Structure formats: structure tokens, C-alpha cells
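One chain comes next, on its own, written as C-alpha cells: the form deposited in one PDB entry.
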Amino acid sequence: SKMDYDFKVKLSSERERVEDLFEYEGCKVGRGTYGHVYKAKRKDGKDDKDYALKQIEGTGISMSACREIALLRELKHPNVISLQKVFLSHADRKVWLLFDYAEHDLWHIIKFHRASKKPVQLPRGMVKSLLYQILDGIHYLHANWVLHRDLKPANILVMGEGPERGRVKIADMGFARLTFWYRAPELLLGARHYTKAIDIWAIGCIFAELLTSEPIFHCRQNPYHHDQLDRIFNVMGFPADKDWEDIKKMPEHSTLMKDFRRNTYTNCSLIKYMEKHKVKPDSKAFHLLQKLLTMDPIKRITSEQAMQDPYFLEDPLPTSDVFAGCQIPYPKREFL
């Protein structure tokens, strides 16, 4: 028949079961369709390091799961999440992914900086370092022709106590998928291919949020989302023909022409917005962000160039640990 028995039992007396190799109570999250994620510890005393155990919701091996496993399996960069192993239960065909465990992320870190009262500004040094590690990670990916396609604070993880204290780790917790607050304008005007540039736009959105602690393009609740475009224009201003010459080439340009009258955003600009949130227009930080936040995608600078910015040469300088040497006040993850 199909498989020899001796070969099955040998594999069934040597293989590792996640249930016997890890102590996993600490259910960090449960999710309609993504299964369960636990905060896990090796049952051997070999290492005290924390891990995340993800059980995928479906049985078998999804295609989304295939491409994720195959990608993470090749990526080695300190600023992109690490897949440490995969466990396959042949009985109940379930799949387990083990990652090095990140105690924090930018969504929770930013949220805590508004739960304490009016917002408290984030430490400038932390913001520089956060952006720098995000630019290192996306660059690495982009240089391997890997597009993230969903960059947003909840996807930026931060390592907690341990040997990678305060190091950004870029992830994609809704990779099976593929708020429009981080979506580049061309996507809203009907673009049909994802780009390196779209990622850079989302990096700038994150950057503005770190500086102002608010989501720059935040908006109430088709490829085309009129109300989200109206927030971009309200912040950025409406683009001139010189600013985005090929905007005419967009699939939704006719809808944009029918739904908007550029005269509405006469007093609107990034300078004007960033001024209200105490970011000064002559700073090195504002100029860079303006370079990230450019309407025309091919006028948007690349991740490698942004790392080369004088902003990171100004004072203070980026640290491997975004938390400098100070105490981490953000709460740890709760169990369910």
C-alpha cells in the first residue's frame, strides 16, 4: 500500500510533540480563524527564554500557511520576526508555529501613551530608534523582493526583557488576509499591484503617529474609500498636477474628479498639520517624514535612503534597544 509500517512507527517513536516539549499556559490571544497563541516555555531547563506557540485554526496545511512557513523559513534579520520551528501533529492534522516571544508592540505602546490622564509625548530617542529598526527590517525584506502589504503599529513588535531588549521585530499576524489609516493613496485610487512604495507610505504613517501619538490619517468607518481620501487631503492638502503627474492614470481618477473639488484643501498641508502637534517644520524629523509621506509613489524615497537620513546622524542617536537603558512601563500581555 501507500506507506511502510516500520517507517511510520519509527517516525512515531522519534518525532516531537509540542504537548510534551513545551509548558504552554499563557493564552496570549484567541482568534476566529487564526487559532490560539500561547506564551510558552521549554520544559527542559535548557533556556529560560519565552516563546509564542501558535496553533493554526484549520486542519491541514493552508496555502497561506505554506507561504508563511516558507518565507519565515528563509528570513534572517534581527528586525524581522523569527520562526524557530514548526510542529505537525499527524493524528489531528494541526500545525504549530513557534516564534521568539515579543512582550510588546507599537499599538499597545502608543495606546498606553494616551491612557494616562491628553497625550504624553514619546521619548524622542525611542521614536528615532523605533523608526530606524523599522527601516532596517523593511529594507531587508524589500531587498529580498518581499513586500509586507499591511504595515501598521499592531504589526511592529518590541522585544521585552531578555537578550534582545527593546528590539523591533516586524511581523504579519494577518498574513492569511492578503481601518485604511496606513493605506497609500494609490491603493485608494484603485491600484492593482502592491509596491515597495506602498510600504514606505505606511512607515511614514507610523512615523507621524510616533511623533504626535495620534494616527495622522485616522477616519471613521470597493477599492475606493472616499472618506479616507478626504482625511489624507485634509492633512496633506490636495495634490497638484506637478506633485503627482500620473495620478490621471489611476483607475479611480474619474471618481476622484467627480467626488472632490481641490479648492476645499487650500489651507491644508503637512506643515500646517505637524505644526499643531508641536513638531517644528525646520526639524530633521519633519523633513524625512515629508519624504516618506509623498503623494506620488515614485517621488517617495526608499527604505535604504531613509536610513541614510541626517535625522539619524543628529542627536540623540539610535540605539539597538529602543528603551535606552530605562524601565519598561508598558504592561505585559494578559492571558485568557
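A residue's number is simply how far along the shown sequence it sits, counting from 1. What we label the rigid core is the largest C-alpha set whose atoms superpose within 1.5 Å from one form to the other.
Student: Any chance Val120 is unbuilt in a third or more of the other entries we compared?
Tutor: In at least a third of the other entries, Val120 has no coordinates.
Student: Would you mind checking whether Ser89 is unresolved in the model of at least a third of the other PDB entries compared?
Tutor: Across the compared entries, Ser89 is modelled every time.
Student: Would you mind checking whether any residues of the deposited sequence sit unmodelled between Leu178 and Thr179, and how many (none, 1 to 3, 4 to 9, 10 or more)?
Tutor: In the deposited sequence, 10 or more residues between these two have no coordinates.
Student: Neighbours in the displayed sequence, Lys76 and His77 may still hide a gap; how many deposited residues lack coordinates there, none, 1 to 3, 4 to 9, or 10 or more?
Tutor: The entry has no gap there; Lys76 and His77 are joined directly.
Student: So 159-167 or 197-205, which one's hotter by mean CA B-factor in the entry?
Tutor: Stretch with the higher mean C-alpha B-factor: 159-167.
Student: Name the higher of the two by mean Cα B-factor in the PDB entry, 147-155 versus 90-98.
Tutor: Comparing 147-155 with 90-98, the higher average CA B-factor belongs to 90-98.
Student: From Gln305, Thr59, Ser283, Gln290, can you pick the one with the highest C-alpha B factor in the entry?
Tutor: If I rank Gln305, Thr59, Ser283, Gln290 by C-alpha B-factor, first place goes to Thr59.
Student: Using the entry's values, work out which of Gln121, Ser82, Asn234, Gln133 has the largest Cα B factor.
Tutor: Max CA B-factor in the entry, restricted to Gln121, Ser82, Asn234, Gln133: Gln121.
Student: Just say lowest, middle or highest third for the CA B-factor of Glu314 relative to the other modelled residues in its chain.
Tutor: Lowest third - that is where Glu314 ends up once the chain's C-alpha B-factors are sorted.
Student: Please rank the C-alpha B-factors of the chain's modelled residues and tell me whether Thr294 sits in the lowest, middle or highest third.
Tutor: Bottom third by C-alpha B-factor.
Student: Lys39: which third of its chain by C-alpha temperature factor?
Tutor: Ranked within chain, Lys39 CA B lands in the lowest tercile.
Student: How does the C-alpha B factor of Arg114 compare with the rest of the chain: lowest, middle or highest third?
Tutor: It falls in the top third of the chain.
Student: Consider only the C-alpha atoms of the modelled residues in this chain, order them by B-factor as the entry records it, and name the third containing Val127: lowest, middle or highest.
Tutor: Middle third by C-alpha B-factor.
There is also a form deposited in another entry; it is not shown, and the following applies to it.
Student: In a superposition on the rigid core, which residue from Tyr34, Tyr311, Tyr273, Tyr51 has a CA displacement reaching 2 Å or more between this form and the one not shown?
Tutor: Result of the superposition: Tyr34 is the only one at 2 Å or more.
Student: My question is whether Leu75 is one of the residues whose C-alpha shifts by 2 Å or more between this form and the one not shown, given a fit on the rigid core.
Tutor: It does not, since the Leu75 C-alpha is displaced less than 2 Å between this form and the one not shown after the core fit.
Student: Fitting the rigid core first, would the Cα of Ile247 be found 2 Å or more away between this form and the one not shown?
Tutor: It does not, since the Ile247 C-alpha is displaced less than 2 Å between this form and the one not shown after the core fit.
Student: After a core superposition, would you say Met173 shifts its C-alpha by at least 2 Å between this form and the one not shown?
Tutor: The answer is yes; the displacement is at least 2 Å.
Student: Since the CA distance of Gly30 and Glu209 differs by 3 Å or more in the other form, is it closer or farther than in the form displayed?
Tutor: Nearer in the other form, by 3 Å or more.
Student: Flagged pair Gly30/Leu106: C-alpha distance shifts by 3 angstroms or more in the other form. Which direction, closer or farther?
Tutor: Closer: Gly30 and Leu106 approach by 3 Å or more in the other form.
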